[PDB]
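Fold and geometry: a report
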Amino acid sequence: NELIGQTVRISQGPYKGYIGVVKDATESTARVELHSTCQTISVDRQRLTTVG
Amino acid sequence: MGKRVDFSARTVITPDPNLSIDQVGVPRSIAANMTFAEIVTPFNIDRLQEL
Amino acid sequence: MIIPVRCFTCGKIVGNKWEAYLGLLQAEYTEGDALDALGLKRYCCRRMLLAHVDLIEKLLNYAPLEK
Amino acid sequence: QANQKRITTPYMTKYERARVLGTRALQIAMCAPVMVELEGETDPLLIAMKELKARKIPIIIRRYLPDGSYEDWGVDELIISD
Amino acid sequence: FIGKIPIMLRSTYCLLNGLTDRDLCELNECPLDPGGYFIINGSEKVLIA
Amino acid sequence: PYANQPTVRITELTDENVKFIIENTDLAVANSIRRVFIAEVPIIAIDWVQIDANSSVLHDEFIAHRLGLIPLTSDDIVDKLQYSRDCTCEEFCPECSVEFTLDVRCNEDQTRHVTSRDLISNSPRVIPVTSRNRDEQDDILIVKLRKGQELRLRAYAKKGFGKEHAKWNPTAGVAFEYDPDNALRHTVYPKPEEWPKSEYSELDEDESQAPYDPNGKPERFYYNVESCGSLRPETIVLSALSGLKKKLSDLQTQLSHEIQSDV
Amino acid sequence: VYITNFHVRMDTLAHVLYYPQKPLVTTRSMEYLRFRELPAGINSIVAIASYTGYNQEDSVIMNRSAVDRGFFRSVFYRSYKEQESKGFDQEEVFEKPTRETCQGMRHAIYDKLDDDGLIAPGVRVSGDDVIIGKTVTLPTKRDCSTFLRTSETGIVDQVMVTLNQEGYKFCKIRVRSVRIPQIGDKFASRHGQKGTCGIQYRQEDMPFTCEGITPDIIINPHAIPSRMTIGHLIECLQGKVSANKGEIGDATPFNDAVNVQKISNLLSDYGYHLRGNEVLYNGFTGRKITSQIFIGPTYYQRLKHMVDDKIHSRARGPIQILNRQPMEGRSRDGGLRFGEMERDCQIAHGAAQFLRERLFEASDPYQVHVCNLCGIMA
Amino acid sequence: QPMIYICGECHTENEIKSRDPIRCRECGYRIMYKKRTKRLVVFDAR
Amino acid sequence: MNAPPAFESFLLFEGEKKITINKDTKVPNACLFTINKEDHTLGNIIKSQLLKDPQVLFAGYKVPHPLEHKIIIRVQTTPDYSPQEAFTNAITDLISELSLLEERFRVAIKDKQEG
Amino acid sequence: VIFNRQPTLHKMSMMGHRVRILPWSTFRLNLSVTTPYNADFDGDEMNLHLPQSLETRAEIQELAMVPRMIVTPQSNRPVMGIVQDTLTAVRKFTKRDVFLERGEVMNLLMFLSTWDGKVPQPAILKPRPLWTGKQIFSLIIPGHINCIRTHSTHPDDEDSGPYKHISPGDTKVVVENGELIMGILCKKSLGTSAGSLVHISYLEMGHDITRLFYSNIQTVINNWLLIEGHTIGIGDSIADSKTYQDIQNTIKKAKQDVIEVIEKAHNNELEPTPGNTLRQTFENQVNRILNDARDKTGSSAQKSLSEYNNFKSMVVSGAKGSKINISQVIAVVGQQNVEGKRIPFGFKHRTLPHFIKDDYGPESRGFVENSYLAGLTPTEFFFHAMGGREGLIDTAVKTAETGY
Amino acid sequence: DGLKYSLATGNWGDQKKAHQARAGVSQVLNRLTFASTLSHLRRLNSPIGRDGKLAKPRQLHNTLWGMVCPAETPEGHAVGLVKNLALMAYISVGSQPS
RNA sequence: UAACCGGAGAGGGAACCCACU
Ligand SMILES: [Mg+2]
Ligand SMILES: [Zn+2]
Ligand SMILES: [Zn+2]
Ligand SMILES: [Zn+2]
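Residues numbered from 1 in each chain as written, not as in the entry; some residues may be left out. Chains lettered and ligands numbered in written order. Part of a larger assembly, values for the part shown. Heavy atoms only, no water.

Method of determination, as given in the entry header: cryo-EM; reported resolution: 3.1 Å.

Put into structure tokens, the structure is as follows:
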């Protein structure tokens, strides 16, 4: 998939501003590893924004 | 006589007075890994479908 | 390593006090005079300076990775 | 043995009470017909406990005596402890 | 030539013998490190008495 | 069945702290004001750190941790900002955040102390607490650098309150006291002579504690609120009262919606 | 801080603490062990009270706001070595494995590697991520790439490349992961009074003095009277005296120039109760506690036994080779052992079908065909 | 593609090609450290 | 990694309600109020304000679990009177208390500054 | 799930549990269930097995679920009791001078699950409404339960004399028609002994009700202990200095009585006990003086303590510690023993090089006349280390025999 | 290679008698805390076999005054067998009797 | 009177030492 392996930024919600990397992706949601903390989260694609 | 098993976890115990003697606290990471197999029936087919 | 910014218990800032504290110790001042010279009344703040060991100075004795 | 010669207990043991419920709720999970007008519950084990209190489980139990013989007890025929 | 003998740190034939703390920091060594051990395939070994 | 009327008098006012007395209220209201003093006063601290270079001996998250604990003077800007989780903007706008920058390189043979003075703000009003100390005192150390070491970073400051993280805690010490002479005997001294008297006690040296009264309730709450330096201590209190009142108003709105949607 | 040059020292399983402190109460023999130059612990403020019940059986309650300010925050360095070489043509080599060229490749992202086959420092990694891309040629190619250990989830600290004594290329990669104290982390004292964290409350929920002093740590009083560690109590008293005086306390054992009455008479001068007790108020209701609480500075330690290095589960993971039972180990994704005493307990319950579910279906269900005349398998 | 490394001893940045023996052109030192990456690091201050 | 994020103590998830009302069947004129993402800060002052009303027979609160973020308030009032109107009268009195306190505080602050 | 701690010795080491999901990364279990599992929360680990078939799920639910495992067939007692904080605060809660205001009563009633929503008439109605801790514990106790127990400090003569059914010390717990009339509740009422109140609850009422009876006690007592509070401190271990002089006189008189026995032994004035040699009867007499000294100092210490003490608050409740620990913290550690005898002559006819040869005295052979509060002399410190080493060995040695 | 093998593995002897030679000599130095390093560098070992029920060598003997720490020992199956070294205690190095 | 994409359970063992309940 295109989104997998891309550094992304959460741009909506409580997680707004957290930089992460996409591990897995679907059309509804995606899995992002947070750079700041040791936790992987599931976020909707509407909140994501590709950076770099 | 004794052997390794699937569907088991192990971690550190810690007190919690605020739940009954028949309850036990588990982390979400353990619970998101160990699975239970339910058989579908027309009762639970919608819940299992969403699941 | 280095002096903490805030006291763990209180939350009062202690991070600016350390060099002033070492200055006051290079005088006739004792510790019990230097701490309330800096205005540390609660013992939670006094243990932050009094029990600190400054290892950043020992770390700077090594050559860096770059130049 | 004959119905005249039932020398075992008229009480259902804890082991029978466990295994009858397990093997009934497994059947209910495999779309067997319930013997009780249920009240909207969907957990088959609660349905099996309801049928056990209702004394309507269609199972009988073969108790092997140590000589080799056995007795066939209906679940309706013996006393539920709880 | 007979061989090579593994040799104890901070000993009388180690290269760290009698050096000052500044020179130990120049060699990326710790002046508080007591020595008394061998380095063998890059792993510290200590003879228990 | 109605509200009580409390009164206030201040016994001390300083840039560092406020000391005051509240009369004619309940223990729960007094504790909740003491508690909103700690948890739920909005303040500005930095929460987004991007490091472009770090040749020092403290690693990156150690530095970002020490940067988050540096307080920032937000007396009136914090009232007009928005939470970044609530603002319509993408990544950061000046209506939701404040930008800081730090580009320090050590070149001389003397150890370079990176301080909070070396942070350059985007807004002149939102700055650390090197603002005014005239009528010599140092500034907050971040890292010490050797010759050849440097660091460069860019940071952003959000609005938050201390229920998230202790970097958004506007206060240092909130001394709280009711009934200094043990008149209600909510505590019980086994040897009351051994206990030192409080600061607010009214007793002679002969008497060790007040005589018990069954009818009494807790009143006369004595507060001392010490600031960290970001907010003025007088405007921690007003913002805490406004925050608690706003919370109660929102709860009443939600309950009103539930009731009129239930009938 | 276990050694001063810890950043040059490429070493597996390193733990260093953010802010170590020398103890407020020390013996005169710590000067010669150099303990006040490399200390292991923080002078906490303990309160010995039964606050909510999360500290009861040897556990301990912690201040969440202090942990947010950096209290016992540490960092864990793990390093990985790898060495390319071994056959006549079977050359190991560091490179990026390509899915068209290389045969066996995990689902993991390989884009984090540089084209040397390594990651640069400063890159976030996680479980099932490559760190060292290494391939051997296939007589197209098959990888021998090393993965980050599952559930480790850190950030790369440094990468060194060099030559071994065999003239082959050799790489060692060290990875940071900071460790914030959470519940379940094992703490201790200097008196054999160990304990795991049981809950963390914020500064608002924590009880407090007449001032705003809240304890960083709350321990149970029921760990004292059977253990009989009275040196813990005297340490907690001497620490309050020493933090008010400006002195470092002297706790050399057989001193005889110090006892509890002298320490009490010193503490009575600074405006406290002479036995260390203070009046704490409830953090929830604000009502002062009927008992008076024993509180003061005590030097606690942080042990290496976290919970995140011990938690593991399993649901039909990998399988052993010879007998088709699950593996062993947290790292190999192994299974727990339902040993000879546990089958015995399940016999004593009289649960034979759970016993069969453990020892047959959950470990190795299997079928064979056997001749009906002679019992040898067909 | 150049893959600049840093000498452990003389702190000299030097470009070494792939499949080359590790060596610094000055002082002949045989330990290289790589360099800090270019992609973004963003941290909470928590 | 099982750490819950810090915002979860005070932020409503999507589909959650701030407040929920359930009638108590055991006794008449009693009701249970469940509040999401609140703590002792709100429940204690609500309880203490409810206890000034003589028409309130019972009032109390609890947190079911500290790791959870919920609070339950049980109110029982005399017949002719509702626990719901008791609750909203307690809120609208407690807001009046805080507003009066804020006014008197800022007046005393101004009077401390050279007066 | 089924759930065990690994040295499984009896069938209450593997008990079923219901899963509740919680944020952080540890297993959490209720504090009474610590007692069968022998858990300690000091870094313990416990492993959890999930039953996969629905039939074995039902089997664990009906056979090995934990409230069904309350009373053991090993020793026909319950296994689980109130422990470690809820027990101490129960004893402090159900005392006669415990009174609760109306807000505190409603806060405590908020934590009962088995509560009808009905507030009981207070024990005092005027001047002001006051409930009693017994009056709330009567709401905790389920059904209509009847039992009679005795408190730990119940004097022996009291049943013989008057005031038998009206106790001055508030001992002799009596529960009648499901309601606590009188008595203070300790280990001997809510613990794991036979005929304790929990055991009567398990026998008269079902296991499901006894489950809620555990949880209700734990919740309401742990929420009263936020008001009462409970500590231990350095003030709890200190004494009067009238007591100190009495202890020193007891030690001095016993230590002189050792020396006069030694003088009778050296001058051949000691006749051997029949069935004993001269050495063993000398040893018997010396240990008799030293044990009587330790007991008399211990009793003097126990008489010295106040009502407000926190060592006494635990020992009377039976939660933690014993009556010898208080004496061993306050008064006298005692004699250190190795294999039942005194400290042996490890050197040539002496113990340490600080002692004269052939010194059979108390200080030369292991007796510690100092307390834990007063610190130890270095000779006594080394002897106490030698004493503790023996039990520390026996712990490690015992396991590989008992498991086999 | 003999010196390097015997120090690298701990089998104290020839590589052929790997099962015969005593092990546990030349452990990997514990580098967790500076106190752990010092205590691992000052450590004795009793080469009587473990898991034996004989308590007498495991006991604290009277000749340990001032030469071996009475407190410090591992709590496991090696109580009293592994024993660390007191502060001012010094071990002789040998000289000629001539 | 039109329009291009596609492959997936890996992975070993013995010995010794340290540590946890
Ligand atoms: Mg334990
Ligand atoms: Zn402080
Ligand atoms: Zn914005
Ligand atoms: Zn070079």
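1. Structural notes on a positive patch on the surface
All names here are of chain J. What counts, and what does not: Patch criteria: residues need more than 30% relative accessible area and no salt bridge. Like-charged residues are merged within 9 Å; nonpolar side chains of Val, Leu, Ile, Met, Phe, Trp and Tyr are merged within 5 Å. To measure how exposed things are, a 1.4 Å probe is used in the Shrake-Rupley method; for residues, cover is taken only from the protein chains shown. Throughout this description, the term salt bridge denotes a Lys or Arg side-chain nitrogen within 4 Å of a carboxyl oxygen of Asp or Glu. When charges are counted, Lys and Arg contribute as positive and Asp and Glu as negative, whereas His and the chain ends are disregarded. Here the site of a charge means atom NZ of a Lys, CZ of an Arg, CG of an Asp or CD of a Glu. Helix and strand definitions here come from DSSP, where helices need a minimum of 4 consecutive H or I residues and strands a minimum of 2 consecutive E residues; each element is numbered from the N-terminal end. Exposure is judged per residue with a 1.4 Å probe applied to protein chains only, and the accessible area is read against the type maximum: over 50% gives exposed, under 20% gives buried, and values in between give partly exposed.
Taken together, the side chains of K252, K253, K296 and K303 make up a positively charged region of the molecular surface. Only helix 10 (243-266) and helix 11 (278-304) provide two or more residues apiece to the positive patch. Structurally, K252 is set in helix 10. The exposed category is assigned to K252, whose relative accessible area is 51%.

2. Quick notes on the sheet that holds strand 3 (residues 56-62) of chain I
Residue and element names in this part refer to chain I. Convention followed: Should DSSP find at least two bridges between two strands, the strands are regarded as paired. Working convention: axes come from line fits to C-alpha atoms, limited for helices to the stretch in contact. Angles between N-to-C directions cover 0 to 180 degrees.
The four strands are arranged 1-2-4-3 in an open sheet whose pairing can be described as antiparallel. Only two strands of the sheet have a single partner each, and these edge strands are strand 1 (19-23) and strand 3. With direction set aside, neighbouring strand axes in the sheet form an average angle of 15°. Relative to strand 2 (residues 30-36), strand 1 runs antiparallel, the two being bridged by five bridges. Residue pairing in the sheet places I21 in a bridge with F33 of strand 2.

3. As for the interface of chain H and chain A
To be explicit about the condition: In this analysis, two residues are considered to be in contact whenever any of their non-hydrogen atoms come within 4.5 Å of each other. Buried area adds together the accessible area that both of two parts lose upon being put together, with accessible area traced by a 1.4 Å probe. Contacts described as polar in this section are N or O atom pairs within 3.5 Å, which, within protein, must combine one atom able to donate a hydrogen with one able to accept it, while residues neighboring in sequence count only if both atoms come from side chains. Only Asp, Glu, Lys and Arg are considered charged, only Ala, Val, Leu, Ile, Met, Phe, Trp, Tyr, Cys and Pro nonpolar, and every remaining residue, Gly among them, polar.
Contact with chain H, which involves six residues of that partner, is made by six residues of chain A. Counting the surface lost from both chain H and chain A, the interface buries some 600 Å², and carbon and sulfur atoms represent 55% of this. When the buried area of chain H at its contact with chain A is split by residue, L40, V42 and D44 of chain H rank highest and sum to 73% of it. Our enumeration of links across chain H and chain A arrives at zero salt bridges. Where chain H meets chain A, there are four residue pairs in polar contact. Taken together, the residues that form the side of chain H that touches chain A break down as four nonpolar, no polar and two charged.

4. Looking at the interface of chain J and chain G
Between chain J and chain G, the contact holds 67 residues from the first and 64 residues from the second. Taking both sides of the interface into account, the surface hidden between chain J and chain G amounts to around 5,500 Å²; carbon and sulfur atoms contribute 60%. Its largest share of buried area at the contact with chain G, chain J owes to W24, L226 and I234 of chain J, together 12% of the area lost on that side. Between the two partners, chain J and chain G, sit one salt bridge. For the salt bridge of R287 of chain G with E104 of chain J, the shortest nitrogen-to-oxygen distance reads 3.9 Å. On inspection of chain J and its partner chain G, the count reaches 19 residue pairs in polar contact. Within the residue set of the side of chain J that touches chain G, elements represented by two or more residues are strand 1 (2-4), strand 5 (45-49), helix 2 (54-63), helix 3 (86-93), helix 9 (207-228), helix 12 (310-317), helix 13 (323-330) and helix 14 (378-402) of chain J.

5. Let's talk about the coordination of the zinc ion (ligand 2)
Note the cut-off: Only nitrogen, oxygen and sulfur atoms qualify as donors, provided they sit within 2.8 Å of the metal or within 3.2 Å for Na, K and Ca; with water excluded from the atoms, sites may seem incomplete.
Note on the zinc ion (ligand 2): its protein donors are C7 of chain C (SG), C44 of chain C (SG) and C45 of chain C (SG). The metal-donor distances range over 2.4 Å. Residue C7 of chain C is classed as buried on the basis of its relative accessible area, which comes to 0%.

6. Here's the deal with the sheet that holds strand 3 (residues 43-54) of chain F
Spatial ordering of the open sheet is given by 6(F)-4(F)-8(F)-3(F)-4(H), a layout of five strands whose pairing is antiparallel. The open sheet has two edge strands, strand 6 (120-121) of chain F together with strand 4 (42-43) of chain H, and neither has a second partner. The pairing of strand 4 (residues 98-105) of chain F with strand 6 of chain F spans two bridges and is antiparallel. Residue pairing for strand 6 of chain F: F100 of chain F is matched across the bridge by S121 of chain F. Each of strand 3 and strand 8 (150-160) of chain F together with strand 4 of chain H touches helix 2 (residues 60-68) of chain F; the most contacted strand, strand 3 of chain F, lies at about 155° to it.

7. Considerations on the UniProt feature "binding site: Zn(2+) 4" (unreviewed entry) in chain H
Residues and elements named next belong to chain H. We apply this condition: UniProt positions are given in the numbering used here, feature names are shortened, and annotations may be inferred rather than shown by experiment.
Sequence positions flagged by UniProt for "binding site: Zn(2+) 4" (unreviewed entry) are, in local numbering, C24 and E26. When you line up the elements, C24 lands in the loop between strand 2 (13-15) and strand 3 (31-33). Judged by relative accessible area, which is 1%, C24 ranks as buried. The contact partners of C24, leaving out residues within four places of it in the chain, are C7, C10, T12, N14, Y29 and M32. Here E26 shows up in the loop between strand 2 and strand 3. Classification of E26 by relative accessible area gives partly exposed; the value is 39%. With near-sequence residues (within four places) excluded, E26 lies in contact with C10 and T12. Within the structure, the side chain of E26 is placed 2.4 Å from the side chain of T12, a separation counted as a polar contact.

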